[PDB]
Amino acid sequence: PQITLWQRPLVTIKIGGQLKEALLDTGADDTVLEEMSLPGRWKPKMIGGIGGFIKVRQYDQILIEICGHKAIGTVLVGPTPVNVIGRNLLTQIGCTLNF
C-alpha cells in the first residue's frame, strides 16, 4: 500500500493468533505491543531512556502480518501505552518513506 500521513497510520496486525491495532512509527527503533502470549524464550529488556525506562519482554523471530505483508522479527511485549510497529519490522516488510 501507499499510506498518506494526514491521519495517524494505524493498521490492524495479525500476531499470535490475534488481531491488534498498531501505529507505523518510523520514530521508533523497536516494535512494542500490549500484553499477549507469544512463543519462545524471552528475556527482559529496558526501553525508552528519555525520562526513565520501562521493562518489557523481548521475543525474537516472531511472525507478524501487516496489511497482508508477513514479516519475522523481534516483538517487545509489555505495559506499553501505545502499540507501535517500529523500524525493525518496517524494514522487514520493505516499508520506505517516499517523497
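Residue positions are given as counts along the sequence shown, with the first one as 1.
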Query raised in the report: As stated in the PDB record, which stretch has the larger average Cα B-factor, 62-70 or 42-50?
Result: 62-70
Query raised in the report: Which third of the chain holds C95 when residues are ordered by C-alpha B factor: lowest, middle or highest?
Result: middle
**Report entry** CA B-factor ranking of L76, expressed as a third of its chain
**Finding:** lowest
Requested in this report: Tell me, lowest, middle or highest third: where does the Cα B factor of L89 rank within its chain?
Outcome: lowest
Requested in this report: Could you say whether, by C-alpha temperature factor, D29 belongs to the lowest, middle or highest third of its chain?
Outcome: lowest
